[PDB]
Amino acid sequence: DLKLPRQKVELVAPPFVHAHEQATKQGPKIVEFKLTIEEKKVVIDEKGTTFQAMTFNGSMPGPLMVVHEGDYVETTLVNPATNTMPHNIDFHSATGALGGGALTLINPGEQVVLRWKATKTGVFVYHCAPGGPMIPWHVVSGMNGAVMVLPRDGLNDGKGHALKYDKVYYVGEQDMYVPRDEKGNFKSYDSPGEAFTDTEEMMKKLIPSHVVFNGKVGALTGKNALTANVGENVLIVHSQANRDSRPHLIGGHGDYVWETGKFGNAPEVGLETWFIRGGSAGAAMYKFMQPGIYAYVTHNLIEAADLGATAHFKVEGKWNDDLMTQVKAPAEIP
């Protein structure tokens, strides 16, 4: 007999986040979301390597869901008949039934509706988990995203001061396991089922072939670079459902970071690089001080430069010579 107001959310594809309030005068609501599973072959690199992806809402990562502490999150999970496998959903933000996984197993052609109370604040992973060896395989195939549960008074610095972001981006990092043939080329497969045996053999060796942001090498570069202006406070939510990551903003800092991702704890200040434990999401806020190109990377630089894990920010504004200056340009040695 839960008679609270209902609110529908129109999810948007990462790295963007659906519109939301930080601090709110709204009381608890039932917030309604819909996720539709899509299994699909996608291209993950600039060489044309293909991958058997499985996704929530067609994206890797799945979209970021944003609610406030004490809301009830009501998700309709849909598994169309065009898919081949059973799927479910496990929210790390939720309490009971394996995070919802034990209540959401659906075959192709079915849907289910789960409600959970958002009793814990922070950013949290959600992922598919349809039992046994299928659990890692569905997650590393792309079936993961995140939810953010905000305090109703918004974020704070642990010393009584509000922290308000001007914009938020969600960076979902994906470790992928694409097998190679005898001569050393990546293999292509006709279905997720056909990719399973070779993929699992590689998975158990624990070394990914690719580590990407937003589903593909270079996804968050060029036309699709992240953007900001000097003076803007940007929140970057970072998740990794299976493997550790160490985010770093090249040329910047984490001014306020929740590396374990949970807003009941004060943020740490002034970090160079932070650590996202596999199976979690974290968040870092930075106020841009300088214009120009920044790279956002995992600071295993082999992964960042060679395996795919680099995003860019393009930042507009005025250069600050007090903070940094080229005193003397490259010249011949005296």
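Start at 1 with the first residue shown and count on from there.
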property: 25-33 set against 57-65, stretch whose average Cα temperature factor tops the other in the entry; result: 25-33
property: Per the entry, higher mean C-alpha B factor between 105-113 and 167-175; result: 105-113
property: Residue with maximal Cα B-factor (values as given in the PDB entry) among 156, 260, 245, 209; result: 156
property: Cα B factor band for residue 279 (lowest, middle or highest third within the chain); result: lowest
property: Chain-wide C-alpha B factor ranking for residue 11, given as lowest, middle or highest third; result: highest
property: Chain third (lowest, middle, highest) by recorded CA B-factor, residue given as residue 81; result: highest
property: Relative C-alpha B-factor of residue 132, binned into the chain's lowest, middle or highest third; result: highest
property: For residue 75, the third of its chain into which the C-alpha B factor falls; result: middle
